[PDB]
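The structure file my_file22.csv is reproduced below (CSV, C-alpha atoms and all ligand atoms).
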```
chain,number,residue,atom,x,y,z
I,1,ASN,CA,146.6,149.5,75.5
I,2,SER,CA,148.6,151.4,72.9
I,3,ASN,CA,152.3,152.2,73.7
I,4,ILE,CA,152.2,155.5,71.9
I,5,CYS,CA,150.2,158.7,72.6
I,6,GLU,CA,147.1,158.9,70.4
I,7,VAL,CA,147.6,162.6,69.7
I,8,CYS,CA,151.4,163.0,69.1
I,9,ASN,CA,152.3,159.4,68.3
I,10,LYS,CA,155.3,159.4,70.7
I,11,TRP,CA,156.1,157.2,73.7
I,12,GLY,CA,156.8,158.6,77.1
I,13,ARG,CA,154.8,158.9,80.4
I,14,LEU,CA,151.4,157.6,79.1
I,15,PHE,CA,148.0,157.3,80.8
I,16,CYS,CA,145.8,154.5,79.6
I,17,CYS,CA,142.1,154.6,78.8
I,18,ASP,CA,140.2,151.9,80.8
I,19,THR,CA,137.5,151.5,78.2
I,20,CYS,CA,139.4,151.5,75.0
I,21,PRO,CA,143.0,150.8,74.0
I,22,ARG,CA,144.1,154.4,73.6
I,23,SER,CA,146.8,156.1,75.6
I,24,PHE,CA,147.8,159.8,76.2
I,25,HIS,CA,150.4,162.0,77.5
I,26,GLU,CA,149.0,164.1,80.3
I,27,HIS,CA,148.7,167.4,78.4
I,28,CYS,CA,148.1,165.9,75.0
I,29,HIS,CA,144.6,164.7,76.3
I,30,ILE,CA,142.1,167.5,76.4
I,31,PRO,CA,141.1,168.2,79.1
I,32,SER,CA,144.5,167.2,80.8
I,33,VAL,CA,144.4,163.7,82.1
I,34,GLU,CA,142.6,163.9,85.5
I,35,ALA,CA,144.6,163.3,88.8
I,36,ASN,CA,142.6,160.3,90.2
I,37,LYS,CA,139.6,158.5,88.7
I,38,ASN,CA,140.0,154.7,88.5
I,39,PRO,CA,138.5,153.7,86.1
I,40,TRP,CA,139.3,156.6,83.7
I,41,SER,CA,137.6,157.0,80.4
I,42,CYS,CA,139.3,159.1,77.6
I,43,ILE,CA,137.5,161.8,75.6
I,44,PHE,CA,136.9,159.4,72.7
I,45,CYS,CA,135.0,157.1,75.0
I,46,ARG,CA,133.1,160.0,76.7
I,47,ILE,CA,132.0,161.3,73.3
I,48,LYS,CA,130.9,157.8,72.2
I,49,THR,CA,128.8,157.6,75.4
I,50,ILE,CA,126.9,160.8,74.6
I,51,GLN,CA,126.1,159.3,71.1
I,52,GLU,CA,125.0,156.0,72.6
I,53,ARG,CA,122.8,157.6,75.2
I,54,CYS,CA,121.1,159.8,72.6
I,55,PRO,CA,121.2,158.1,69.2
I,56,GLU,CA,119.1,160.9,67.7
I,57,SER,CA,122.0,163.3,68.4
I,58,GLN,CA,123.5,162.0,65.2
I,59,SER,CA,120.6,163.1,63.0
I,60,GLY,CA,121.6,166.1,60.8
I,61,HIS,CA,121.8,169.6,62.2
I,62,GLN,CA,122.0,173.1,60.7
I,63,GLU,CA,125.4,174.8,61.4
I,64,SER,CA,123.6,178.0,62.5
I,65,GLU,CA,121.7,176.2,65.2
I,66,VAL,CA,124.9,174.4,66.4
I,67,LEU,CA,126.9,177.7,66.7
I,68,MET,CA,124.2,179.3,68.9
I,69,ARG,CA,124.3,176.5,71.5
I,70,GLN,CA,125.4,177.5,74.9
I,71,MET,CA,128.5,175.9,76.2
I,72,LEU,CA,126.8,173.4,78.6
I,73,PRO,CA,129.0,170.4,79.7
I,74,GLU,CA,128.2,168.3,76.6
I,75,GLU,CA,129.0,171.1,74.1
I,76,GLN,CA,132.1,172.0,76.1
I,77,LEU,CA,133.3,168.4,75.7
I,78,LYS,CA,132.5,168.3,72.0
I,79,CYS,CA,134.6,171.5,71.5
I,80,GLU,CA,137.5,169.9,73.5
I,81,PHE,CA,137.3,166.8,71.3
I,82,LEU,CA,137.3,168.8,68.1
I,83,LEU,CA,140.3,170.8,69.3
I,84,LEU,CA,142.0,167.4,70.1
I,85,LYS,CA,141.3,166.1,66.6
I,86,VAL,CA,143.2,169.1,65.2
I,87,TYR,CA,146.1,168.5,67.4
I,88,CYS,CA,146.1,164.8,66.2
I,89,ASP,CA,147.4,166.0,62.8
I,90,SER,CA,151.1,166.6,62.8
I,91,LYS,CA,150.6,169.8,60.8
I,92,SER,CA,149.0,171.3,63.8
I,93,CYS,CA,152.6,172.2,65.0
I,94,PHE,CA,152.4,175.2,62.7
I,95,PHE,CA,149.4,176.7,64.5
I,96,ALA,CA,150.0,175.6,68.1
I,97,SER,CA,152.1,178.4,69.6
I,98,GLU,CA,151.9,182.2,69.3
I,99,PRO,CA,152.9,183.3,65.8
I,100,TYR,CA,154.8,186.4,64.6
I,101,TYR,CA,154.7,188.3,61.4
I,102,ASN,CA,157.6,189.9,59.5
I,103,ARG,CA,157.4,189.2,55.9
I,104,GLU,CA,158.1,191.7,53.1
I,105,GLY,CA,154.8,192.8,51.5
I,106,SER,CA,152.5,191.4,54.2
I,107,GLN,CA,151.1,192.9,57.3
I,108,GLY,CA,150.3,190.7,60.4
I,109,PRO,CA,146.6,190.0,61.3
I,110,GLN,CA,144.6,192.4,63.5
I,111,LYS,CA,143.8,189.5,65.8
I,112,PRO,CA,146.3,186.7,66.0
I,113,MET,CA,145.1,183.4,67.2
I,114,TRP,CA,146.7,180.0,67.8
I,115,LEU,CA,145.7,176.5,69.1
I,116,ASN,CA,147.3,176.8,72.6
I,117,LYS,CA,145.3,180.0,73.2
I,118,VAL,CA,142.1,178.3,72.2
I,119,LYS,CA,143.1,175.5,74.5
I,120,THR,CA,143.6,177.9,77.5
I,121,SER,CA,140.3,179.7,76.6
I,122,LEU,CA,138.4,176.4,76.7
I,123,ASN,CA,140.1,175.4,80.0
I,124,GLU,CA,139.2,178.8,81.6
I,125,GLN,CA,135.5,178.5,80.3
I,126,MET,CA,135.8,181.7,78.3
I,127,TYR,CA,133.5,180.6,75.6
I,128,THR,CA,129.7,181.0,76.3
I,129,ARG,CA,128.5,179.5,73.0
I,130,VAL,CA,129.9,177.1,70.4
I,131,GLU,CA,130.2,180.1,68.0
I,132,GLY,CA,133.0,181.6,70.2
I,133,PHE,CA,135.1,178.5,69.8
I,134,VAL,CA,134.4,177.9,66.2
I,135,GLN,CA,135.2,181.6,65.3
I,136,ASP,CA,138.6,181.5,67.0
I,137,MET,CA,139.5,178.1,65.3
I,138,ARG,CA,138.5,179.5,61.8
I,139,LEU,CA,140.4,182.7,62.5
I,140,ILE,CA,143.6,180.7,62.9
I,141,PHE,CA,143.4,179.5,59.3
I,142,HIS,CA,142.0,182.7,57.8
I,143,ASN,CA,144.9,184.7,59.3
I,144,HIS,CA,147.4,182.3,57.9
I,145,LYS,CA,145.8,182.4,54.3
I,146,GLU,CA,145.7,186.1,54.4
I,147,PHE,CA,149.3,186.6,55.5
I,148,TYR,CA,151.0,184.0,53.3
I,149,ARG,CA,149.2,185.2,50.2
I,150,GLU,CA,150.6,183.4,47.2
I,151,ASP,CA,153.4,181.5,49.0
I,152,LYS,CA,152.8,177.8,48.7
I,153,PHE,CA,152.9,177.7,52.6
I,154,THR,CA,149.3,179.0,52.5
I,155,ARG,CA,148.4,175.4,51.7
I,156,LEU,CA,149.2,174.3,55.3
I,157,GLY,CA,146.3,176.5,56.5
I,158,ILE,CA,144.0,174.9,53.9
I,159,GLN,CA,145.0,171.5,55.0
I,160,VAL,CA,144.6,171.9,58.7
I,161,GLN,CA,141.3,173.9,58.2
I,162,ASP,CA,140.0,170.9,56.2
I,163,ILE,CA,140.8,168.6,59.2
I,164,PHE,CA,139.0,171.0,61.5
I,165,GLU,CA,135.9,171.3,59.2
I,166,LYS,CA,135.5,167.6,58.6
I,167,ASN,CA,135.8,166.9,62.4
I,168,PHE,CA,133.3,169.8,63.1
I,169,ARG,CA,130.7,168.3,60.7
I,170,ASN,CA,131.2,164.8,62.2
I,171,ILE,CA,131.2,165.7,65.9
I,172,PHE,CA,128.3,168.0,65.8
I,173,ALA,CA,126.4,165.9,63.2
I,174,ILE,CA,126.0,168.7,60.6
I,175,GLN,CA,123.4,167.8,57.9
I,176,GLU,CA,125.2,166.3,54.9
I,177,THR,CA,125.0,168.3,51.7
I,178,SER,CA,126.3,168.7,48.2
O,1,ZN,ZN,151.3,163.0,73.2
O,2,ZN,ZN,139.0,155.5,75.6
O,3,ZN,ZN,117.9,160.8,73.3
```
In structure tokens, what does this structure look like?
Ligand SMILES: [Zn+2]
Ligand SMILES: [Zn+2]
Ligand SMILES: [Zn+2]
Amino acid sequence: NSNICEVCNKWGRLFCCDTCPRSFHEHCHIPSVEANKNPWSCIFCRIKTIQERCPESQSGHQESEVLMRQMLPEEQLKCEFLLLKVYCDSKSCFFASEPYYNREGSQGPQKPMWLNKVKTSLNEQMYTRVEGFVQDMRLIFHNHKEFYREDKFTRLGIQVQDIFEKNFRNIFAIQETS
């Protein structure tokens, strides 16, 4: 197995996947790495299994249909993975913890949002449909773009949003378009 965490790329106390060479810190994995379970399969392996069991799940889908899906176990897992894929980018540090807003000429957002809050919300089963999760994720980047206006720091929101959207289209097999 790898000797660094797949998500944060650091060594430390790592838990090893039994079905692939990835490793994770306890709370870098989503959900948090489970207490017992030998063997243990990581979220990448669990997602691969869903695809393998139902090869047709990779045919193209409309976003509108995906968003209305209820958060049954497989959709809950897919949102967990998508959240994990955003954390995998080092630029996710900017969006992880609760922000604050005090900048001359801007006002803070009406509804602040951050990754750790989405994490907790997923863990507590607060989303009933995929739409709930996706709306909160997109609000993270929209709030950032709106607040930082013309500062070049706005690009960080664009960059991490692009990682989110690419992963969303991949994980939920959104129909490719021009
Ligand atoms: Zn880690
Ligand atoms: Zn694995
Ligand atoms: Zn099938």
(message) Could you list, as a list in words, all residues that come within 8 Å of ligand ZN 3 (chain O)? Count only C-alpha atoms and all ligand atoms.
(response) residues 53, 54, 55, 56 and 57 of chain I
(request) Just give me the gap between CA of residue 171 in chain I and CA of residue 51 in chain I in Å, one decimal is fine. (result) 9.7 Å
(message) Taking (127.2, 168.1, 60.3) in the coordinates of the supplied file, I want to know which residues reach to within 6 Å of it, counting only C-alpha atoms; could you give the answer as a PyMOL selection string?
(response) chain I and resi 60-61+169-170+172-175
(message) Residues contacting ligand ZN 2 (chain O) - anything with an atom at most 8 Å away, using all atoms listed in the file - can you give me those as a PyMOL selection string?
(response) chain I and resi 16-23+41-46
(message) Using all atoms listed in the file, which residues have at least one atom no more than 12 Å from ligand ZN 1 (chain O)? Output them as number ranges by chain.
(response) I: 2-16, 22-30, 32-33, 84, 87-90
(message) If we count all atoms listed in the file and set the cut-off at 10 Å, which residues sit around range 109-120 of chain I, ignoring sequence neighbours fewer than 5 positions away in its own chain? Please answer as a PyMOL selection string.
(response) chain I and resi 30-31+79-80+83-84+86-87+92-101+125-127+132-134+136-144+146-147
